[PDB]
Each structure stands twice: as structure tokens, then as C-alpha cells.
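Here is data_23.pdb, consisting of PDB, C-alpha atoms (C1' of nucleotides) and all ligand atoms:
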```pdb
ATOM      1  CA  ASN A 183     -49.722  40.485 -65.675  1.00  0.00           C
ATOM      2  CA  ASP A 184     -50.023  38.657 -68.990  1.00  0.00           C
ATOM      3  CA  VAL A 185     -52.212  35.555 -69.219  1.00  0.00           C
ATOM      4  CA  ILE A 186     -51.324  32.216 -70.817  1.00  0.00           C
ATOM      5  CA  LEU A 187     -54.806  30.952 -71.682  1.00  0.00           C
ATOM      6  CA  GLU A 188     -55.402  27.264 -72.408  1.00  0.00           C
ATOM      7  CA  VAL A 189     -58.545  25.523 -73.674  1.00  0.00           C
ATOM      8  CA  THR A 190     -59.039  21.750 -73.563  1.00  0.00           C
ATOM      9  CA  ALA A 191     -61.922  19.665 -74.909  1.00  0.00           C
ATOM     10  CA  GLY A 192     -63.241  17.807 -71.885  1.00  0.00           C
ATOM     11  CA  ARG A 193     -63.970  14.102 -72.247  1.00  0.00           C
ATOM     12  CA  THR A 194     -67.618  13.943 -71.193  1.00  0.00           C
ATOM     13  CA  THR A 195     -69.634  12.472 -74.084  1.00  0.00           C
ATOM     14  CA  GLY A 196     -69.297  10.832 -77.461  1.00  0.00           C
ATOM     15  CA  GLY A 197     -68.804  12.552 -80.763  1.00  0.00           C
ATOM     16  CA  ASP A 198     -66.874  15.745 -81.387  1.00  0.00           C
ATOM     17  CA  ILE A 199     -69.314  18.125 -79.669  1.00  0.00           C
ATOM     18  CA  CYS A 200     -66.801  18.812 -76.899  1.00  0.00           C
ATOM     19  CA  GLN A 201     -63.995  19.268 -79.438  1.00  0.00           C
ATOM     20  CA  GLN A 202     -66.099  21.356 -81.837  1.00  0.00           C
ATOM     21  CA  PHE A 203     -67.225  23.627 -78.993  1.00  0.00           C
ATOM     22  CA  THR A 204     -63.618  24.212 -77.910  1.00  0.00           C
ATOM     23  CA  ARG A 205     -62.822  25.827 -81.267  1.00  0.00           C
ATOM     24  CA  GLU A 206     -65.683  28.303 -80.829  1.00  0.00           C
ATOM     25  CA  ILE A 207     -64.510  29.235 -77.324  1.00  0.00           C
ATOM     26  CA  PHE A 208     -60.913  29.648 -78.502  1.00  0.00           C
ATOM     27  CA  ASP A 209     -62.058  31.950 -81.307  1.00  0.00           C
ATOM     28  CA  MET A 210     -64.159  33.913 -78.804  1.00  0.00           C
ATOM     29  CA  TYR A 211     -61.114  34.750 -76.674  1.00  0.00           C
ATOM     30  CA  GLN A 212     -59.060  35.576 -79.771  1.00  0.00           C
ATOM     31  CA  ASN A 213     -61.774  37.959 -80.982  1.00  0.00           C
ATOM     32  CA  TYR A 214     -62.212  39.389 -77.479  1.00  0.00           C
ATOM     33  CA  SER A 215     -58.506  40.267 -77.451  1.00  0.00           C
ATOM     34  CA  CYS A 216     -59.022  42.315 -80.619  1.00  0.00           C
ATOM     35  CA  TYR A 217     -62.064  44.017 -79.078  1.00  0.00           C
ATOM     36  CA  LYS A 218     -59.965  45.072 -76.068  1.00  0.00           C
ATOM     37  CA  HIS A 219     -56.962  45.864 -78.325  1.00  0.00           C
ATOM     38  CA  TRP A 220     -54.972  43.090 -76.636  1.00  0.00           C
ATOM     39  CA  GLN A 221     -52.062  41.340 -78.340  1.00  0.00           C
ATOM     40  CA  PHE A 222     -52.943  37.691 -79.020  1.00  0.00           C
ATOM     41  CA  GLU A 223     -49.881  35.462 -79.472  1.00  0.00           C
ATOM     42  CA  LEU A 224     -50.517  31.834 -80.405  1.00  0.00           C
ATOM     43  CA  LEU A 225     -48.427  29.263 -78.526  1.00  0.00           C
ATOM     44  CA  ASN A 226     -49.986  25.829 -79.139  1.00  0.00           C
ATOM     45  CA  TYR A 227     -52.779  24.721 -81.462  1.00  0.00           C
ATOM     46  CA  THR A 228     -53.790  21.076 -81.972  1.00  0.00           C
ATOM     47  CA  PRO A 229     -56.812  20.775 -84.288  1.00  0.00           C
ATOM     48  CA  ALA A 230     -59.210  17.856 -83.962  1.00  0.00           C
ATOM     49  CA  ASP A 231     -60.023  15.313 -86.683  1.00  0.00           C
ATOM     50  CA  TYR A 232     -63.402  16.853 -87.620  1.00  0.00           C
ATOM     51  CA  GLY A 233     -62.609  20.560 -87.856  1.00  0.00           C
ATOM     52  CA  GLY A 234     -62.415  21.110 -84.105  1.00  0.00           C
ATOM     53  CA  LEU A 235     -59.851  21.726 -81.364  1.00  0.00           C
ATOM     54  CA  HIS A 236     -58.346  19.175 -78.993  1.00  0.00           C
ATOM     55  CA  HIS A 237     -56.218  21.612 -76.984  1.00  0.00           C
ATOM     56  CA  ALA A 238     -54.881  25.111 -77.641  1.00  0.00           C
ATOM     57  CA  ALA A 239     -52.599  27.473 -75.724  1.00  0.00           C
ATOM     58  CA  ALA A 240     -52.084  31.179 -76.356  1.00  0.00           C
ATOM     59  CA  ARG A 241     -50.549  34.248 -74.722  1.00  0.00           C
ATOM     60  CA  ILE A 242     -52.443  37.524 -74.244  1.00  0.00           C
TER      61      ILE A 242
ATOM     62  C1'   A B   1     -34.686 -30.893  -1.019  1.00  0.00           C
ATOM     63  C1'   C B   2     -36.635 -32.677   4.036  1.00  0.00           C
ATOM     64  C1'   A B   3     -36.807 -35.721  10.019  1.00  0.00           C
ATOM     65  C1'   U B   4     -39.622 -38.908  14.613  1.00  0.00           C
ATOM     66  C1'   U B   5     -38.776 -36.748  18.169  1.00  0.00           C
ATOM     67  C1'   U B   6     -40.924 -35.090  23.615  1.00  0.00           C
ATOM     68  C1'   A B   7     -44.227 -37.199  26.782  1.00  0.00           C
ATOM     69  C1'   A B   8     -47.404 -40.732  28.916  1.00  0.00           C
ATOM     70  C1'   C B   9     -50.240 -41.040  38.671  1.00  0.00           C
ATOM     71  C1'   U B  10     -56.172 -37.975  33.815  1.00  0.00           C
ATOM     72  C1'   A B  11     -53.117 -36.936  28.811  1.00  0.00           C
ATOM     73  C1'   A B  12     -50.866 -33.919  25.498  1.00  0.00           C
ATOM     74  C1'   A B  13     -46.913 -30.815  23.355  1.00  0.00           C
ATOM     75  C1'   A B  14     -44.025 -30.101  18.912  1.00  0.00           C
ATOM     76  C1'   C B  15     -44.341 -30.066  13.138  1.00  0.00           C
ATOM     77  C1'   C B  16     -44.355 -24.221   8.786  1.00  0.00           C
ATOM     78  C1'   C B  17     -38.559 -25.900   2.167  1.00  0.00           C
ATOM     79  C1'   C B  18     -36.641 -23.904  -2.296  1.00  0.00           C
ATOM     80  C1'   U B  19     -36.646 -23.459  -7.759  1.00  0.00           C
ATOM     81  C1'   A B  20     -39.979 -19.901 -13.526  1.00  0.00           C
ATOM     82  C1'   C B  21     -40.223 -15.369 -17.623  1.00  0.00           C
ATOM     83  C1'   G B  22     -36.159 -15.051 -21.671  1.00  0.00           C
ATOM     84  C1'   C B  23     -38.426  -8.111 -25.194  1.00  0.00           C
ATOM     85  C1'   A B  24     -37.812 -16.740 -25.059  1.00  0.00           C
ATOM     86  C1'   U B  25     -42.212 -18.468 -27.684  1.00  0.00           C
ATOM     87  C1'   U B  26     -47.546 -17.745 -30.400  1.00  0.00           C
ATOM     88  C1'   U B  27     -50.819 -14.743 -33.081  1.00  0.00           C
ATOM     89  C1'   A B  28     -51.970  -9.946 -35.298  1.00  0.00           C
ATOM     90  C1'   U B  29     -51.400  -4.494 -36.427  1.00  0.00           C
ATOM     91  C1'   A B  30     -48.222  -0.477 -38.370  1.00  0.00           C
ATOM     92  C1'   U B  31     -44.490  -0.434 -43.923  1.00  0.00           C
ATOM     93  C1'   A B  32     -39.200   1.913 -47.015  1.00  0.00           C
ATOM     94  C1'   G B  33     -40.688  -0.223 -51.326  1.00  0.00           C
ATOM     95  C1'   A B  34     -42.897  -3.463 -54.946  1.00  0.00           C
ATOM     96  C1'   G B  35     -47.163  -4.718 -57.285  1.00  0.00           C
ATOM     97  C1'   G B  36     -52.340  -6.274 -58.366  1.00  0.00           C
ATOM     98  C1'   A B  37     -57.906  -6.021 -58.797  1.00  0.00           C
ATOM     99  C1'   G B  38     -62.391  -3.267 -59.287  1.00  0.00           C
ATOM    100  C1'   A B  39     -64.628   1.406 -60.602  1.00  0.00           C
ATOM    101  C1'   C B  40     -64.012   5.029 -64.506  1.00  0.00           C
ATOM    102  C1'   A B  41     -63.667   7.889 -70.303  1.00  0.00           C
ATOM    103  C1'   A B  42     -65.166   9.386 -74.391  1.00  0.00           C
ATOM    104  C1'   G B  43     -58.211  10.797 -73.680  1.00  0.00           C
ATOM    105  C1'   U B  44     -53.443   7.884 -76.707  1.00  0.00           C
ATOM    106  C1'   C B  45     -52.195   3.603 -80.091  1.00  0.00           C
ATOM    107  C1'   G B  46     -53.901  -0.209 -83.043  1.00  0.00           C
ATOM    108  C1'   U B  47     -58.520  -3.291 -84.694  1.00  0.00           C
ATOM    109  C1'   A B  48     -58.057  -8.865 -81.518  1.00  0.00           C
ATOM    110  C1'   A B  49     -63.456 -10.759 -81.140  1.00  0.00           C
ATOM    111  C1'   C B  50     -68.951 -10.712 -82.910  1.00  0.00           C
ATOM    112  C1'   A B  51     -70.846 -11.887 -90.499  1.00  0.00           C
ATOM    113  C1'   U B  52     -66.406 -17.270 -93.545  1.00  0.00           C
ATOM    114  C1'   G B  53     -65.323 -10.087 -88.729  1.00  0.00           C
ATOM    115  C1'   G B  54     -62.402 -10.034 -93.879  1.00  0.00           C
ATOM    116  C1'   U B  55     -56.207 -15.561 -91.588  1.00  0.00           C
ATOM    117  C1'   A B  56     -63.319 -19.560 -88.795  1.00  0.00           C
ATOM    118  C1'   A B  57     -63.109 -19.400 -83.584  1.00  0.00           C
ATOM    119  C1'   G B  58     -61.368 -21.787 -79.236  1.00  0.00           C
ATOM    120  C1'   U B  59     -58.672 -25.355 -75.585  1.00  0.00           C
ATOM    121  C1'   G B  60     -53.889 -27.247 -73.750  1.00  0.00           C
ATOM    122  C1'   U B  61     -48.704 -26.086 -74.229  1.00  0.00           C
ATOM    123  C1'   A B  62     -44.335 -23.494 -76.182  1.00  0.00           C
ATOM    124  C1'   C B  63     -41.956 -19.211 -78.106  1.00  0.00           C
ATOM    125  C1'   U B  64     -42.391 -14.106 -79.672  1.00  0.00           C
ATOM    126  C1'   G B  65     -44.416  -8.933 -79.846  1.00  0.00           C
ATOM    127  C1'   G B  66     -46.077  -1.386 -77.841  1.00  0.00           C
ATOM    128  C1'   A B  67     -50.758  -3.289 -77.087  1.00  0.00           C
ATOM    129  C1'   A B  68     -54.665  -6.105 -78.379  1.00  0.00           C
ATOM    130  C1'   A B  69     -52.291 -10.604 -79.705  1.00  0.00           C
ATOM    131  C1'   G B  70     -48.930 -13.757 -83.651  1.00  0.00           C
ATOM    132  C1'   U B  71     -47.206 -18.670 -84.888  1.00  0.00           C
ATOM    133  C1'   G B  72     -46.007 -24.398 -84.097  1.00  0.00           C
ATOM    134  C1'   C B  73     -48.241 -29.513 -82.706  1.00  0.00           C
ATOM    135  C1'   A B  74     -52.606 -32.039 -81.035  1.00  0.00           C
ATOM    136  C1'   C B  75     -57.757 -31.543 -79.904  1.00  0.00           C
ATOM    137  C1'   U B  76     -62.960 -29.391 -79.936  1.00  0.00           C
ATOM    138  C1'   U B  77     -67.646 -27.339 -82.928  1.00  0.00           C
ATOM    139  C1'   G B  78     -69.466 -23.835 -78.751  1.00  0.00           C
ATOM    140  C1'   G B  79     -67.849 -22.855 -87.746  1.00  0.00           C
ATOM    141  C1'   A B  80     -69.082 -23.593 -92.653  1.00  0.00           C
ATOM    142  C1'   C B  81     -68.693 -26.784 -96.873  1.00  0.00           C
ATOM    143  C1'   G B  82     -74.190 -24.687-100.482  1.00  0.00           C
ATOM    144  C1'   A B  83     -76.580 -31.170 -99.150  1.00  0.00           C
ATOM    145  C1'   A B  84     -80.009 -36.360-106.567  1.00  0.00           C
ATOM    146  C1'   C B  85     -76.814 -36.682-110.853  1.00  0.00           C
ATOM    147  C1'   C B  86     -74.309 -33.287-114.140  1.00  0.00           C
TER     148        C B  86
HETATM  149  K     K A 301     -59.018   3.188 -73.363  1.00  0.00           K
HETATM  150  K     K A 302     -57.807 -14.355 -84.983  1.00  0.00           K
HETATM  151  K     K A 303     -66.298 -17.726 -85.765  1.00  0.00           K
HETATM  152 MG    MG A 304     -45.710   1.715 -49.876  1.00  0.00          MG
HETATM  153 MG    MG A 305     -60.684  -7.523 -86.135  1.00  0.00          MG
HETATM  154 MG    MG A 306     -61.997 -16.822 -95.483  1.00  0.00          MG
HETATM  155 MG    MG A 307     -56.648  -8.474 -91.865  1.00  0.00          MG
HETATM  156 MG    MG A 308     -60.111 -13.705 -87.620  1.00  0.00          MG
HETATM  157 MG    MG A 309     -54.912 -20.942 -82.978  1.00  0.00          MG
HETATM  158 MG    MG A 310     -53.746 -20.346 -76.579  1.00  0.00          MG
HETATM  159 MG    MG A 311     -44.472 -14.991 -85.546  1.00  0.00          MG
HETATM  160 MG    MG A 312     -43.173 -18.549 -91.283  1.00  0.00          MG
END
```
For the file at hand, write its structure as C-alpha cells.
Amino acid sequence: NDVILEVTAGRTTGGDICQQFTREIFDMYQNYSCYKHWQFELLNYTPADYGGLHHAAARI
RNA sequence: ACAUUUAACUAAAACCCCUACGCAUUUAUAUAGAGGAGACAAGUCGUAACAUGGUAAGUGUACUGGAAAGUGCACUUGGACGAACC
């Protein structure tokens, strides 16, 4: 069954470390879909204010 | 509500009421639902305060606004006015 994957930047500390790290994780799953030849369909994508990700949703 | 009797050549016998409490009063627990306060985050919106915080802040009171808060009158310094003259 297909997976609707969602990543959210947890509110645990100051700065954009949580939001910046979310972008890296989201790119990791997107690249992992290509490695497994999986179709990666973007559903939601809300970038942060410092080149990061607040929350993102995608379908694999 | 309720009666002084019997007996008395030594002296004794007899004596025995019925009405209250209604889930009425008093104090708590449990709550359909409606809110508050503290803790917490960093999410969302703005930047009110702390420097003359960029409208100096605040008190009382009134009205208004998503939200801090905004404005009127009076008061306070828990602000300043640069401290000879020019
Ligand atoms: K908040
Ligand atoms: K003010
Ligand atoms: K002040
Ligand atoms: Mg209740
Ligand atoms: Mg301000
Ligand atoms: Mg001024
Ligand atoms: Mg201003
Ligand atoms: Mg001000
Ligand atoms: Mg005032
Ligand atoms: Mg007031
Ligand atoms: Mg006004
Ligand atoms: Mg006016």
C-alpha cells in the first residue's frame, strides 16, 4: 500500500536547527524513492523563513 | 390526658396513660454544561514594555479593538528637560 509521508519540524529548541534539519530528512526520503525506483509525488511543501522546512507532505 | 379508694381486736392491701420523623430540615459529595488559574514552546499573529523602547511610563475611570493594547479627563515620578550669561 502507498505511503503518505509527512515531516514536521518539532518545536524543541531555539533557532532554525529543527526546521533546517527537516529539509535534509525530506530530501533523504525523496532521494531514497529514486534509489528504489519509487514514484515520489509532492502533496504539501511549506518552506521555512531561513531556507528550511516547516512541514511537508508527499505520496510515495 | 388521669383518681382516693379498701382497711384499721397486731396492721396492711391496691396504684402501671397516650402523642414524633416528613426522602421535613442541616451540611457535603457526584455534574449535562459553562468557564478560569498554573505548568508548558520554541508553534500562529503582531511588537505593548525595558534606551526619550522609537507616542516617556503608570494609577483611577470610561469607551473601543484579533491580540498585545488605543484614546479622553485628573493625578504620580517609580521620566527627562542638557542645569552662569549668551
Ligand atoms: K506564544
Ligand atoms: K505605550
Ligand atoms: K519610561
Ligand atoms: Mg463538565
Ligand atoms: Mg514596543
Ligand atoms: Mg520622543
Ligand atoms: Mg511606533
Ligand atoms: Mg512607548
Ligand atoms: Mg495613558
Ligand atoms: Mg488604565
Ligand atoms: Mg481610538
Ligand atoms: Mg482623534
Next item on the list: For atom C1' of residue 41 of chain B and atom CA of residue 188 of chain A, quote the distance in Å rounded to one decimal.
Entry: 21.2 Å
Next item on the list: Could you please determine the separation between atom K of ligand K 302 (chain A) and atom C1' of residue 42 of chain B in Å, to one decimal place?
Entry: 27.0 Å
Go through the shown structure with the PyMOL selection byres (((chain A and resi 209) around 12) and not hetatm) and write out the matching residues as a PDB file with C-alpha atoms, keeping the file's coordinate frame.
```pdb
ATOM      1  CA  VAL A 189     -58.545  25.523 -73.674  1.00  0.00           C
ATOM      2  CA  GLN A 202     -66.099  21.356 -81.837  1.00  0.00           C
ATOM      3  CA  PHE A 203     -67.225  23.627 -78.993  1.00  0.00           C
ATOM      4  CA  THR A 204     -63.618  24.212 -77.910  1.00  0.00           C
ATOM      5  CA  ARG A 205     -62.822  25.827 -81.267  1.00  0.00           C
ATOM      6  CA  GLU A 206     -65.683  28.303 -80.829  1.00  0.00           C
ATOM      7  CA  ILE A 207     -64.510  29.235 -77.324  1.00  0.00           C
ATOM      8  CA  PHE A 208     -60.913  29.648 -78.502  1.00  0.00           C
ATOM      9  CA  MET A 210     -64.159  33.913 -78.804  1.00  0.00           C
ATOM     10  CA  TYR A 211     -61.114  34.750 -76.674  1.00  0.00           C
ATOM     11  CA  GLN A 212     -59.060  35.576 -79.771  1.00  0.00           C
ATOM     12  CA  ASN A 213     -61.774  37.959 -80.982  1.00  0.00           C
ATOM     13  CA  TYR A 214     -62.212  39.389 -77.479  1.00  0.00           C
ATOM     14  CA  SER A 215     -58.506  40.267 -77.451  1.00  0.00           C
ATOM     15  CA  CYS A 216     -59.022  42.315 -80.619  1.00  0.00           C
ATOM     16  CA  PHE A 222     -52.943  37.691 -79.020  1.00  0.00           C
ATOM     17  CA  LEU A 224     -50.517  31.834 -80.405  1.00  0.00           C
ATOM     18  CA  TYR A 227     -52.779  24.721 -81.462  1.00  0.00           C
ATOM     19  CA  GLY A 234     -62.415  21.110 -84.105  1.00  0.00           C
ATOM     20  CA  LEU A 235     -59.851  21.726 -81.364  1.00  0.00           C
ATOM     21  CA  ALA A 238     -54.881  25.111 -77.641  1.00  0.00           C
ATOM     22  CA  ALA A 239     -52.599  27.473 -75.724  1.00  0.00           C
ATOM     23  CA  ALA A 240     -52.084  31.179 -76.356  1.00  0.00           C
TER      24      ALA A 240
END
```
Note to self: I'd like to see the residues matched by the PyMOL selection byres ((chain A and not hetatm) within 12 of (chain B)) on this file, and ideally I'd get them as a list in words.
What the structure shows: residues 190, 191, 192, 193, 194, 195, 196, 197, 198, 199, 200, 201, 236 and 237 of chain A
How would you report the residues lying within 7 Å of ligand MG 305 (chain A), as a PDB file with C-alpha atoms (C1' of nucleotides), keeping the file's coordinate frame, if you count only C-alpha atoms (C1' of nucleotides) and all ligand atoms?
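Okay, selection26.pdb is ready:
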```pdb
ATOM      1  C1'   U B  47     -58.520  -3.291 -84.694  1.00  0.00           C
ATOM      2  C1'   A B  48     -58.057  -8.865 -81.518  1.00  0.00           C
ATOM      3  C1'   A B  49     -63.456 -10.759 -81.140  1.00  0.00           C
ATOM      4  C1'   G B  53     -65.323 -10.087 -88.729  1.00  0.00           C
TER       5        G B  53
END
```
Next item on the list: I need the residue set behind the PyMOL selection byres (((chain B and resi 70-81) around 8) and not hetatm) for this file; please write it as a ChimeraX atom specification.
Entry: /B:52,56-59,64-65,69,82
Next item on the list: Between B:12, B:67, B:60, B:83, single out the one closest to ligand MG 310 (chain A), counting only C-alpha atoms (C1' of nucleotides) and all ligand atoms.
Entry: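 Of B:12, B:67, B:60, B:83, the one nearest ligand MG 310 (chain A) is B:60, counting only C-alpha atoms (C1' of nucleotides) and all ligand atoms.
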Check: Residues at most 9 Å from ligand MG 304 (chain A), using all atoms listed in the file? Could they come as an MDAnalysis selection string?
Finding: chainID B and resid 31:34
